[PDB]
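Protein chains in written order, with the entry's author numbering: chain D, 9 to 270; chain F, 9 to 270; chain E, 9 to 270; chain C, 9 to 270; chain A, 9 to 270; chain B, 9 to 270.
Everything below concerns the one structure shown next.
Protein chains: 6
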Amino acid sequence: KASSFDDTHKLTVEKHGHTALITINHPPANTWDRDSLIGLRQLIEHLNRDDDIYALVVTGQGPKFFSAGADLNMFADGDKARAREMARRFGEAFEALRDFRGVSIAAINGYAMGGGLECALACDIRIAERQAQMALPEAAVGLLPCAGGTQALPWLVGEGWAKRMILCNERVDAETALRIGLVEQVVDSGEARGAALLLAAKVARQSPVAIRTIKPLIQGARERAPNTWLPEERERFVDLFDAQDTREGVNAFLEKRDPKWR
Amino acid sequence: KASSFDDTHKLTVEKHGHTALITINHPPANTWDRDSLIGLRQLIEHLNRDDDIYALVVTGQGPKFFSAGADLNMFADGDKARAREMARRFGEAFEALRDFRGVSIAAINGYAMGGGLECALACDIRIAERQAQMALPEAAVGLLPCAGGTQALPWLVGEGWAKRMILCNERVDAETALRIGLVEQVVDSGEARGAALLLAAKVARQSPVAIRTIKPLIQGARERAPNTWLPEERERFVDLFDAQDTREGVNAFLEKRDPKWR
Amino acid sequence: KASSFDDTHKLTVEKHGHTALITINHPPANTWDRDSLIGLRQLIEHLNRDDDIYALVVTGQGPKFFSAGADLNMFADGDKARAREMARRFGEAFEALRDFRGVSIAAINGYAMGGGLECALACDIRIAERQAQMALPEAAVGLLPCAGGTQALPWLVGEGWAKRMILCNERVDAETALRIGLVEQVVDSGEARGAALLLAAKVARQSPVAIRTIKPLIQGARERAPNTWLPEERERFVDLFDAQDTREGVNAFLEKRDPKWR
Amino acid sequence: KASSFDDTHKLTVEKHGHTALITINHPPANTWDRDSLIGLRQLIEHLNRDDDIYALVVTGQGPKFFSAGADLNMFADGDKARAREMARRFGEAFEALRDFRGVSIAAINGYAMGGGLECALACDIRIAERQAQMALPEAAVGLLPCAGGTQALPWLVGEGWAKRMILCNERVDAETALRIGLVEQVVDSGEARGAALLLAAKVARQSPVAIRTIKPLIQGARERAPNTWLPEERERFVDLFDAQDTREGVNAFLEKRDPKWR
Amino acid sequence: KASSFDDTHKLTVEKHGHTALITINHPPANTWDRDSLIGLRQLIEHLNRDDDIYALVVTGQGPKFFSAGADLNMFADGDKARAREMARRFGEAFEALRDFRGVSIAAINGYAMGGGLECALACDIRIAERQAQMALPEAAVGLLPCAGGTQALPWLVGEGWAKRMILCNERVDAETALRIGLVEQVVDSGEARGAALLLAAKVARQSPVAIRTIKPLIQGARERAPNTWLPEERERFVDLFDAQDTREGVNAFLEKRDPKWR
Amino acid sequence: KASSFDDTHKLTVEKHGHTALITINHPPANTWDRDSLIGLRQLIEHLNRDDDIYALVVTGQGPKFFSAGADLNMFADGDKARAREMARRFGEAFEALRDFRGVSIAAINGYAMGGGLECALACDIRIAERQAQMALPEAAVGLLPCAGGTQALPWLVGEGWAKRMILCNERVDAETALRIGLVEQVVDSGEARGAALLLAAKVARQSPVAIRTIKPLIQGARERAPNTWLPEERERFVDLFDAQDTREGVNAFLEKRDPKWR
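Rendered as structure tokens:
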């Protein structure tokens, strides 16, 4: 995946099966920068066009930190324009990732804070090593999360838990995050990458055309009320049926055999 | 309850006190069929009209399946017209149950998957035995949940967990479900029905007229933003107050005695 | 603050640092009254105007109850005109606290149900003693929660749990509440007030200008879908950057010193 | 319809063909009364139950007043309970009128002001005699339109014109209202009833089942954004097709003969 | 445009300058067909890709019919599947037209009824010859408009006028449509095509990049409340500003010369 | 008002009765500038505090220009920072005018283009001189309207007419504007101010408390769908009833005499 295009060397992409592995490679904290943000949005676009990929996994280079958030240089003083433009880039990149047609899993191999946590929130599922600590510390410096942190964090864990981290600037351990629902699963140190890939391989096992259409329905509630999507849900359901791939899944279950699709 | 109209033998309703008990009776997996869906909507309409019933309980016949989901014959390939119509049936049927004036409790005594889970999601409160496992496997066959699963599950348990079950096709034990908020309470095997009837009997102890009005307000957020409903809440409260029944519930508390209403 | 106006002696406010302490002092159950509701709304308005206060704490006088809910004298039969007016007073008072620019922490040192629970829900963060029990018992007497309870409780804990407390009239201990996400933290008896003050101290360490702007974004989901707020989230961020205060927060981290603002 | 039920003599119902004619009979100004409000809501429900009536027409007794608006008796000082209760009936009454399944035609034969204009707004279509003048004068007396005027008037004619009438208390002649979209058609004096009845006969020519389903869709925008209803529009369309009546209408045009349905 | 593409022979594409001319050519009433609808969607997508096109015009072949809507063979009885599929096609095609990045001008040279009217509505601007009559007659055959007509018509003309056309099956002349706002301009017979091309040329005089971004904003209200879109309007404005194309327009007004962009 | 407040020389405020007259005083074109934008927002705020003001009128100094739109220097190339900040002031300033509790009347005394038209749209009612021409030309310059013009214009005149002005860069005379609903009234040259003030004298005749509360209801549809506001409309009605001023207006009509309030 993404074998032919101008992509920052800071982001390295390795394709495993139908899963594309994206690693932030910025030393020493894997801090986000304008070059990586541009690459990510572009990468997501390229990966979406590719039909051979059904899942994506994001992890931080190095053991210590998945992502330290935004690099200090981006917010260097004396330029108002810079802050504006860069808020744009986080939103575009993270929303693109949030909009990846395939399943996205974030393997938190180190502590995720600020932009780093916002990136993980973009991914559909989060898997974290026990030692990682996740928090939004922007409030301490007088900046809000501008990557969608304000919306995303309450959504998963509720407003009260979201408020303590951003408002009170309190970091949470993996055990806490799993308890509040921030992270779906907890893993032993260093196992986040393998578990994510292992899970991403399971995603390859579901119909590609189906996964791509179902994911918007799940995330529809963000745009609009859930009851409104109900007519569309049946309609999308009818569209699937009008596919070669659809008939294969039902037949396979009927005959007790593994489904095979294109 | 539902003593005489043409009701499918597949669905049997027995009346205990003020609670109507509905059980799927389809062998061997209790899988849903077109006839059951029609009856369920009709049963809900008839139940709403009856004023002697304050609570509803649905369980799966036998100790192995609350519900197996949709029957394969119903989705047998590959006629597109049928598919459109069965999804329509699910939506109306599940929505009708979701909109029941009285409280709806689903007692999970068996495997509840696909359509069955969606049905359980339709119920206000879910009680599950420790052994039961719930998941949405429609993505594996290339079919989406058309019963409101795409909305209902993320609402109850959050997006991250919901995607994992549907997108990753990952079943959940009773313990995970209670932890993620999917199920309100966990019970020993075979005790779901007894627990369901027991919880339903307490609901009959609250004002009938109140219960029907209060349920819409709670489910208001799905149609629209919560804050929009605040004016309506006060207006519905006063509508409750201009009733003979409301004066009785308050009086009982003052005199420290059980309230008595029609 | 709030020592120079007419404020009911039932509500006592103590100013500690940048935290304002609000105590309900109505014996014996700390039940809400018209005099308290008016003071609360006025109090919140004065507190917002004050620039020395960054956090708010509310606690119930006495060990046994944080708040009893609404006073019985407040809902005596059979007058409807008042009932309409009292319900209005709750909404006005509760929304004012909910929209307090600073962080609001509710310390639950006693049983908090009905109106009292509704009050805690308005607060940003809730800390509860192990013994405290919280429920909405209005349905049993035929009254719906009029303080925004129908919206606030499902939002934090989800519909299934929320329906149980109101519809089924079931009380929850601190432990269940922490599990369901109703309370962010559980504390040893008598320590909630001290812990809340301590947590309130953490809020002082974050930039005031940031906290006030940031708080609306997190609560944006209630008024509208979260995705709608994303362009605003970037816009408000640029506004924060256009200040003398914001540059101090970022610069302090680079040189790893505590931020100093006014 | 309304042949054998307890209805106020102030309101008279005449059944012509498939249209039921309802006339306000309050002397001398045809002002609304509690008896009128109750009868209206009760009547509308009854009309909705009757399948023989596909259209509705509303007219004001006497040549001079279509609807005097609210009676002073209702808002007579100084009881507060009276006002809250009475606003409730207008909302219930008009909304029921607004929600009539068959078409509602408002024939303006006389002065329509205050509640009367609000009533006409509830009607789907308005036909007015050239002489009649309509405005909302409640602001002059310190009362807002509580019948939905604040929403309804702006929707039809725009914010600028609506504010002018309500905020500036400016009455409009038939010609001006037609120019602004307040009234779809203008008729010579005394021809409103005939034109409204005659327009109502045309509606019977359209499929009753189609008509009842289509009207909510048109009115969907008031509850939610237009685009949101698009999936459901297709769904209800297919629902029409699975009906004996649809096949006849579709068939009738092809033969070039008038459709015949029940 | 679109010469090296497979489009139904019925749809004719002519390129004048930056304006692409599409003519429906289905005899004898220019009624829509499945072959036509897919091409239309496809044609729009190809047009969106081409940067050489800034405007779009659609007119009906021959003087007599702009567009007759859906053919009966398309809706021929008795299969339900046929109708579900065609309803999807109208929505997809018309929504694609509505989403054309460039301005779409509808030139009404003939009868526009049913789908044809819906097609016109999908266009941004409508220019009609005095003789053309536009109505929705689907209700007379018992079928609602499935092309988004139920939403599109009340949006342009208001509910009251919209209801009469759909509910009462009333056709409107060019003058009446102009008065009600259905058509922006009325033209002499046979001048609709020339006028549309001439109008389309004027759009070329505004910045292409600006036009594509601005057009969604105007249509934002359909998705959401207008007030929600304002922060985004400011954001997109800044995005436009960060481009060479924007600097040219400002320069042109300053020196009083015509703006020149790619 | 603005008796003792810090305002730029460029806005002139004269108090006539209960109407505050605000005139843009920028030569030669009355073009908007950063200094005026701030004054506008502050002036609106101050006008809001004064209880002696019930109406607002905005006009441009000189006969020829109500407003030239935005000043060229503020949007001068090429700093991205300047443009972002300038867009921000337009929104704050215009929304403030939009949010004035008292009625706002725009007297179009001269050419109103770009910002000027957007400024006029913020006003509740627009009165224009026959010779005045209004258009949005920003698209010709490659800039979108950042003053909410994209939202405001289609709301008043509809999308179709809105698109031609902005997308086709076409200017409209008063007869055209009046016809399309852009302006409520057309006036003879030079009488706009007198007519505006005269119309502003009318609002003084209506209860001040009702006007301030009623105006948000009319404008509630912009934030959210209209049916949502109906419960609140009833609630606000009841709040007005709980006021001394409300009783006075109703009495005057009963006694057929002029209402008198403070």
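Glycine is no exception: its CB is placed at the ideal position from the N, C-alpha and C atoms.
Cβ distance (whole Å) where residue i is taken to contact residue j below 8 Å
i        : j        : result
B:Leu64  : B:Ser12  : About 19 Å; that fails the 8 Å criterion.
C:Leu262 : A:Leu80  : 6 Å
D:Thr67  : D:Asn117 : 5 Å
F:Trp269 : F:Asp250 : Incorrect: roughly 15 Å between the Cβ atoms, too far for contact.
A:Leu207 : C:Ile222 : Going by Cβ atoms, the distance from A:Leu207 to C:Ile222 rounds to 33 Å, so no, they are not a contact pair.
E:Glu241 : E:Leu225 : 6 Å
Reference residue i, options the options, closest by Cα
i        : options                                   : result
A:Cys176 : C:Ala101, C:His34 and C:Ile219            : C:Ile219
E:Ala182 : E:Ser215, E:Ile174 and E:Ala115           : E:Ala115
E:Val217 : D:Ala185, D:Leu161, D:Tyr119 and D:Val149 : D:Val149
F:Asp14  : F:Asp43, F:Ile32, F:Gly166 and F:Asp60    : F:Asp43
B:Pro36  : B:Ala28, B:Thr20, B:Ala76 and B:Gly47     : B:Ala76
E:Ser197 : E:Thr158, E:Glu240, E:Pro71 and E:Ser215  : E:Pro71
F:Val191 : F:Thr158, F:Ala136 and F:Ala203           : F:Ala136
F:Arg106 : F:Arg92, F:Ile133 and F:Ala185            : F:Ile133
B:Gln139 : B:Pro267, B:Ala84, B:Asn33 and B:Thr184   : B:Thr184
B:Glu178 : B:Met142, B:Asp87, B:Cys131 and B:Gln50   : B:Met142
A:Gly157 : C:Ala160, C:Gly228 and C:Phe98            : C:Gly228
A:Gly122 : A:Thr20, A:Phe73, A:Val195 and A:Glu100   : A:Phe73
E:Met173 : E:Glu126, E:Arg213 and E:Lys18            : E:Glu126
E:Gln214 : E:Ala203, E:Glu199 and E:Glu256           : E:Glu256
Where residue i sits in the DSSP three-state scheme
i        : result
E:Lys88  : helix
D:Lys23  : strand
F:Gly257 : helix
C:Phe73  : strand
D:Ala229 : helix
C:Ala37  : coil
F:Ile46  : helix
B:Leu51  : helix
C:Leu175 : helix
Chain I within 8 Å of residue i, Cβ atoms only
i        : result
E:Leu262 : Looking for chain I here will not work: the only protein chains present are D, F, E, C, A and B.
Residue i CB to nearest heavy atom of the ligand SAH below 7 Å
i        : result
A:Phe102 : No copy of the ligand SAH appears in this structure; indeed no ligand is present at all.
Every unbroken beta strand (DSSP E) within the region 138-168 of chain D, with a cutoff of 3 residues, ordered by chain: 141-143
When Cβ atoms are compared, which residues of the region 156-178 of chain A fall closer than 7 Å to chain C? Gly156, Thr158, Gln159, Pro162, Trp163, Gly166, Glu167, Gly168, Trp169, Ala170, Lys171, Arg172, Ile174, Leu175, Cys176 and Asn177
In chain order, what are the residue ranges of uninterrupted alpha helix (DSSP H) at least 4 long that sit wholly in the region 98-135 of chain D? 123-130
Taking a Cβ distance cut-off of 9 Å, strictly less, list which residues of the region 126-149 of chain C are near chain B, in chain order. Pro145, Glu146, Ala147, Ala148 and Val149
Between the region 219-248 of chain D and chain E, which residues of the former have a C-beta closer than 7 Å to a C-beta of the latter? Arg230, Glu231 and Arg232
Residues, ordered as in the chain, of the region 53-86 of chain B that lie near chain A by beta-carbon distance below 9 Å: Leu80, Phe83, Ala84, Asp85 and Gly86
Contiguous beta strand (DSSP E) assignments of at least 3 residues, all confined to the region 183-241 of chain C: 193-195
Of the residues that make up the region 96-124 of chain A, which ones have a beta carbon closer than 8 Å to any beta carbon in chain C? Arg96, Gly99 and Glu103
Within 8 Å of chain E by C-beta, residues of the region 179-213 of chain C in sequence order: none
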